[PDB]
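What follows is a set of notes on a single structure, which appears directly below.
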Amino acid sequence: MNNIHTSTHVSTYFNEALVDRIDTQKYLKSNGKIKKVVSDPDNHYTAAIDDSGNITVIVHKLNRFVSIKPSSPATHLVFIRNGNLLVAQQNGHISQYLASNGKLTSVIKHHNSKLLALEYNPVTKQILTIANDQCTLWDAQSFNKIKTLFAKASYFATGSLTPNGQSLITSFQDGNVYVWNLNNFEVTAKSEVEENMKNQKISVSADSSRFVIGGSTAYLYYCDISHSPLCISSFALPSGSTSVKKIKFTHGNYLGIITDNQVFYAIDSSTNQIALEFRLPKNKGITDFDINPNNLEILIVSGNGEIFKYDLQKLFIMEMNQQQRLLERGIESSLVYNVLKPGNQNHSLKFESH
Amino acid sequence: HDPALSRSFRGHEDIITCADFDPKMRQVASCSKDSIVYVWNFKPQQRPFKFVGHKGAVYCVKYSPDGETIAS
Amino acid sequence: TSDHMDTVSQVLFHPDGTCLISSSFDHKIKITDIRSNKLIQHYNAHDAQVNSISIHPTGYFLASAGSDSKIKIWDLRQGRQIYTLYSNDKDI
């Protein structure tokens with residue numbers, strides 16, 4: 001007495017209308033369970049990390065997998081169009097394998113960090129690593145470096161590149177979010193903010209007209225370059241959110257969200273409201289996600305041990321329908337979604353950028 | 001009305017700095033950052049020429065308007 | 001400094017050999033004439049380590065290139081940037 005269970009907002013959604021199955025009997029061989037999902041920008045080679053840490057690339061048409069022998073887990077995976085896998089390992093190094101073989105080719109090291117969050121820009125050939133106090137920008141072929149962004153004191157929390165264009169946004173613990181001339185090491189855009197946030201991350205759109213910030217406090221910030229400041233506003237989150245662990249952009253005006261209340265959300269940034277809400281049984285739980293943008297093919301790792309097995313594009317049907325039936329009555333989306341209202345300057349991450 | 005990347009010069013080793021053209025429409029000259037320039041044509045069954053010189057970088061290659069001499 | 005910061009890149013010309021075009025490491029193209037060394041506009045360029053350029057033979061289009069791998073094309077008959085190109089990995 002008392003908390004929430006079970007799986008009605010997650011396994012019931014995820015497995016609603018599948019055409020194949022991750023037959024987890026073939027994957028969960030550890031004495032233990034799957035804990036994290038890391039994934040392919042080229043979408044298909046998504047991968048599982050279990051409590052051993054061996055990366056299993058699940059190939060969702062074969063119901064076969066690439067068993068990567070080293071047990072070192074990834075923070076995230078990057079793949080390129082030519083068949084290579086760059087693994088940002090939790091060991092402080094980024095390790096590239098032929099994706100096609102799981103065969104080690106090279107390691108990027110310079111970082112001293114627990115986290116090496118990655119993002120790959122397929123139109124720049126550039127991969128960025130967010131780690132400790134620095135951003136390392138490098139040629140995606142991964143055998144050299146371009147720049148090491150850094151600071152005298154504000155510690156680094158995050159940043160990312162823009163996949164269908166190019167601009168680099170980074171932020172500090174200060175919440176200060178700023179934009180770099182990633183190829184001149186110039187801060188061209190600068191902010192000073194009120195909301196300090198530990199372990200914040202910046203989600204960067206492929207066409208980076210839009211940006212999002214998460215972190216240890218229960219807030220979400222949203223940028224829109226068509227307006228000044230780029231970060232125009234901030235807002236508080238649906239009741240029960242305590243912090244935000246992970247935020248990532250998708251094709252439509254949308255982001256996946258993981259909070260530290262372990263509820264996952266899909267947010268529509270055109271309004272800054274939540275479209276989808278995801279919940280699992282008590283620990284057990286939901287631990288991480290992988291969204292593949294064309295259909296939002298999804299690899300979810302749950303603490304419940306289940307490896308999913310769903311497309312957000314298909315789950316949206318339930319909040320397309322439902323909502324559209326209610327639209328025949330005239331239900332308001334700002335309530336359905338819970339729009340998060342722009343607040344004061346007192347806790348904003350407002351940022352001018354050009 | 002398309003930027004039209006057509007078909008690239010497959011095989012350029014690495015490290016590319018320039019190009020110019022033979023207005024026969026066309027033969028393409030190009031150059032690397034180390035010891036090499038290339039000249040090739042379409043009718044893709046045609047094979048490129050690999051020229052050696054410019055032991056350091058070559059920054060620019062140019063054709064006369066008749067597409068003849070290629071300065072580098 | 002006609003304002004440039006560092007090692008100047010390719011200088012191009014109006015089809016008649018006038019109104020020369022230049023940029024450098026600084027992210028801007030200046031289009032300026034000869035003797036009458038006056039500017040007609042700031043053709044803001046890429047935020048590149050270094051920029052690069054050629055102009056369509058008619059003198060209508062500034063092909064803005066550079067050390068970064070975004071590419072964009074300008075229409076000089078309008079003075080607008082036409083748009084930033086898809087580019088798709090090209091540090092031209």
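Letters for chains follow the order of the structure tokens (A, B, ...), residue numbers begin at 1 for each chain, and ligand numbers begin at 1 in the order shown.
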Item to check | Interface list for chain B, partner chain C, 9 Å threshold, only C-alpha atoms, as a ChimeraX atom specification | outcome: /B:3,16-18
Create the file for the chosen residues now, containing N, CA and C atoms and written as an mmCIF file, in the first residue's frame.
data_model
loop_
_atom_site.group_PDB
_atom_site.id
_atom_site.type_symbol
_atom_site.label_atom_id
_atom_site.label_comp_id
_atom_site.auth_asym_id
_atom_site.auth_seq_id
_atom_site.Cartn_x
_atom_site.Cartn_y
_atom_site.Cartn_z
ATOM 1 N N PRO B 3 20.196 19.633 -57.470
ATOM 2 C CA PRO B 3 21.633 19.798 -57.325
ATOM 3 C C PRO B 3 22.316 18.677 -58.089
ATOM 4 N N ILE B 16 40.475 15.156 -51.061
ATOM 5 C CA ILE B 16 40.348 15.833 -52.364
ATOM 6 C C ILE B 16 40.243 17.358 -52.269
ATOM 7 N N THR B 17 41.022 18.063 -53.104
ATOM 8 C CA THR B 17 41.061 19.530 -53.099
ATOM 9 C C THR B 17 40.500 20.281 -54.315
ATOM 10 N N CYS B 18 40.448 19.684 -55.498
ATOM 11 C CA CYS B 18 39.905 20.482 -56.613
ATOM 12 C C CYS B 18 39.454 19.654 -57.794
#
Next on the checklist: Show me, as a ChimeraX atom specification, the residues of chain A whose atoms get within 8 Å of chain C, using only C-alpha atoms for the distance check.
Outcome noted: /A:122-125,164-166,181,183-184
Checklist entry - Which of these residues is nearest to residue A:26, using only C-alpha atoms: A:56, A:2, A:39, A:233? => result A:56
Item to check | Selection: 12 Å around residue C:79, only C-alpha atoms, excl. self and same-chain fewer than 4 positions, as number ranges by chain | outcome: C: 29-31, 40-44, 60-62, 73-75, 83
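If you look at atom CA of residue C:6 and atom CA of residue A:180, they are 19.7 Å away from each other.
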Item to check | Shell around residue A:28 at 9 Å using only C-alpha atoms, local window under 4 positions removed, as a VMD selection string | outcome: chain A and resid 24 32 to 34 50 305 to 307
Would you save the residues of that selection, restricted to N, CA, C and O atoms, as a PDB file, in the first residue's frame?
ATOM      1  N   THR A  24      12.531 -13.768 -27.260  1.00  0.00           N
ATOM      2  CA  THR A  24      13.505 -13.389 -26.244  1.00  0.00           C
ATOM      3  C   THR A  24      14.194 -14.618 -25.670  1.00  0.00           C
ATOM      4  O   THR A  24      15.298 -14.536 -25.129  1.00  0.00           O
ATOM      5  N   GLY A  32      20.070 -13.357 -15.313  1.00  0.00           N
ATOM      6  CA  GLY A  32      20.067 -11.914 -15.352  1.00  0.00           C
ATOM      7  C   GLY A  32      19.062 -11.461 -16.383  1.00  0.00           C
ATOM      8  O   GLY A  32      18.239 -12.250 -16.854  1.00  0.00           O
ATOM      9  N   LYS A  33      19.081 -10.188 -16.701  1.00  0.00           N
ATOM     10  CA  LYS A  33      18.129  -9.657 -17.671  1.00  0.00           C
ATOM     11  C   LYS A  33      18.670  -8.494 -18.475  1.00  0.00           C
ATOM     12  O   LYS A  33      19.699  -7.905 -18.130  1.00  0.00           O
ATOM     13  N   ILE A  34      17.963  -8.182 -19.562  1.00  0.00           N
ATOM     14  CA  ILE A  34      18.287  -7.056 -20.430  1.00  0.00           C
ATOM     15  C   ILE A  34      18.127  -5.753 -19.660  1.00  0.00           C
ATOM     16  O   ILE A  34      17.139  -5.595 -18.952  1.00  0.00           O
ATOM     17  N   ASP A  50      22.579  -6.287 -21.837  1.00  0.00           N
ATOM     18  CA  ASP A  50      22.079  -6.917 -20.645  1.00  0.00           C
ATOM     19  C   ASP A  50      22.967  -6.633 -19.468  1.00  0.00           C
ATOM     20  O   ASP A  50      23.931  -5.873 -19.567  1.00  0.00           O
ATOM     21  N   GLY A 305      12.539  -7.285 -18.079  1.00  0.00           N
ATOM     22  CA  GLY A 305      13.274  -8.271 -18.834  1.00  0.00           C
ATOM     23  C   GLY A 305      12.797  -8.449 -20.258  1.00  0.00           C
ATOM     24  O   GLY A 305      13.454  -9.123 -21.045  1.00  0.00           O
ATOM     25  N   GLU A 306      11.672  -7.865 -20.610  1.00  0.00           N
ATOM     26  CA  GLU A 306      11.187  -8.031 -21.953  1.00  0.00           C
ATOM     27  C   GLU A 306      11.875  -7.089 -22.897  1.00  0.00           C
ATOM     28  O   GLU A 306      12.145  -5.917 -22.604  1.00  0.00           O
ATOM     29  N   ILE A 307      12.170  -7.634 -24.050  1.00  0.00           N
ATOM     30  CA  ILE A 307      12.794  -6.888 -25.092  1.00  0.00           C
ATOM     31  C   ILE A 307      11.676  -6.573 -26.054  1.00  0.00           C
ATOM     32  O   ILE A 307      11.053  -7.502 -26.553  1.00  0.00           O
TER      33      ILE A 307
END
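Among the candidates B:20, B:34, B:14, B:68, the residue lying nearest to chain A is B:14 (atoms considered: only C-alpha atoms).
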Item to check | Surrounding residues of stretch 283-294 of chain A excluding itself and chain neighbours under 4 positions, 7 Å, only C-alpha atoms, as a VMD selection string | outcome: chain A and resid 35 to 39 43 250 to 251 262 298 to 304
Take the residues that were just selected and, keeping N, CA, C and O atoms, output them as a short mmCIF file (atom, residue, chain, number, x, y, z; two decimals), in the first residue's frame.
data_model
loop_
_atom_site.label_atom_id
_atom_site.label_comp_id
_atom_site.auth_asym_id
_atom_site.auth_seq_id
_atom_site.Cartn_x
_atom_site.Cartn_y
_atom_site.Cartn_z
N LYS A 35 19.09 -4.83 -19.77
CA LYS A 35 19.00 -3.59 -19.01
C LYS A 35 18.98 -2.30 -19.82
O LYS A 35 18.45 -1.29 -19.36
N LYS A 36 19.60 -2.29 -20.99
CA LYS A 36 19.69 -1.05 -21.73
C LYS A 36 19.58 -1.22 -23.23
O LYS A 36 19.96 -2.24 -23.81
N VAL A 37 19.06 -0.20 -23.88
CA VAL A 37 19.05 -0.16 -25.32
C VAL A 37 19.81 1.01 -25.87
O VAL A 37 19.70 2.14 -25.42
N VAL A 38 20.63 0.66 -26.83
CA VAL A 38 21.50 1.56 -27.55
C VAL A 38 21.21 1.37 -29.02
O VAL A 38 20.85 0.26 -29.41
N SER A 39 21.35 2.40 -29.86
CA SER A 39 20.95 2.07 -31.22
C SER A 39 21.45 2.80 -32.44
O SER A 39 21.84 3.95 -32.44
N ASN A 43 18.89 2.67 -38.19
CA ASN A 43 17.74 2.03 -37.61
C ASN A 43 17.71 0.53 -37.39
O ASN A 43 17.34 0.05 -36.32
N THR A 250 12.41 12.88 -32.95
CA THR A 250 11.92 12.04 -34.01
C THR A 250 11.62 12.93 -35.25
O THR A 250 11.98 14.11 -35.27
N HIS A 251 11.08 12.31 -36.32
CA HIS A 251 10.77 12.97 -37.61
C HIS A 251 9.68 14.05 -37.55
O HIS A 251 9.81 15.10 -38.18
N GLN A 262 10.50 6.78 -14.11
CA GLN A 262 10.59 5.70 -15.06
C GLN A 262 9.42 5.61 -16.02
O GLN A 262 9.26 4.60 -16.70
N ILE A 298 10.77 0.49 -32.74
CA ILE A 298 11.32 0.62 -31.41
C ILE A 298 11.91 -0.59 -30.72
O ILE A 298 11.30 -1.67 -30.63
N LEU A 299 13.09 -0.36 -30.15
CA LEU A 299 13.70 -1.30 -29.23
C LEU A 299 13.61 -0.70 -27.83
O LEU A 299 14.13 0.38 -27.55
N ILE A 300 12.87 -1.39 -26.97
CA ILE A 300 12.70 -0.96 -25.58
C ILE A 300 13.23 -1.98 -24.70
O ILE A 300 13.06 -3.19 -24.88
N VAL A 301 13.93 -1.48 -23.73
CA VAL A 301 14.43 -2.35 -22.76
C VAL A 301 13.75 -2.07 -21.52
O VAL A 301 13.75 -0.93 -21.03
N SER A 302 13.14 -3.09 -21.01
CA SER A 302 12.43 -2.97 -19.79
C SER A 302 13.14 -3.70 -18.68
O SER A 302 13.83 -4.69 -18.89
N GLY A 303 12.95 -3.24 -17.45
CA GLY A 303 13.56 -3.85 -16.29
C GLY A 303 12.80 -5.10 -15.99
O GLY A 303 13.23 -5.97 -15.23
N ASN A 304 11.66 -5.24 -16.67
CA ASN A 304 10.86 -6.42 -16.54
C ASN A 304 11.46 -7.56 -17.35
O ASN A 304 10.96 -8.69 -17.31
#
Checklist entry - With only C-alpha atoms as the atoms that count, which of B:22, B:27, B:1, B:66 lies nearest to residue B:43? => result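 So, comparing all the options, the nearest one is B:27.
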